């Protein structure tokens, strides 16, 4: 199951966060880890297009070189708290899996900077919690978590030592497609 108490950042700035730029996941904490291990890479670009909040996701498996994209229209449940109804797409926006009722993830921006963030995400595929995931984002894929985001982790009653770093995961990102998917 998932957490639903994750508290949004007080005085969270949307304009800065949803600037249409790319966020890299430098570290994460998966409360519900799979039986089969898989060192992953992920990035996202959150922005505005056509008058709506949009988010584009990217997942990469270095080992298999497998890549998958997603694009969702966001609905604000409260500033910092969002619900995303995703659609799996080709890197050019061609839909592989349409939006579906049982399909959506929700996330909370627990802390945000000009250069870093801490989010809580809860993914549901086929209406069923798939577990809690906590991520440390950064606008730069090479920066280690700063004192501020780590304070935020602590403030949420978590342990950063429990976070896994995607640093030497041999990641590769497609920021061009990530940003362009924003309009799809």
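Positions refer to the first chain, counted from 1.
The PDB entry reports B-factors from which the mean C-alpha value can be compared for 155-163 and 60-68; the larger average falls on 60-68.
Comparing 20-28 with 168-176, the higher mean C-alpha B-factor in the PDB entry belongs to 168-176. Within the group 39, 120, 139, 148, the record's highest C-alpha temperature factor is found at 39. In this PDB entry, the Cα temperature factor of residue 130 sits in the top third of its chain's modelled residues, the highest group. In the PDB entry, a CA B factor belonging to the lowest third of its chain's modelled residues is recorded for residue 90.
Among all modelled residues in its chain, residue 49 ranks in the highest third by Cα B-factor.
In the PDB entry, a CA B factor belonging to the highest third of its chain's modelled residues is recorded for residue 101.
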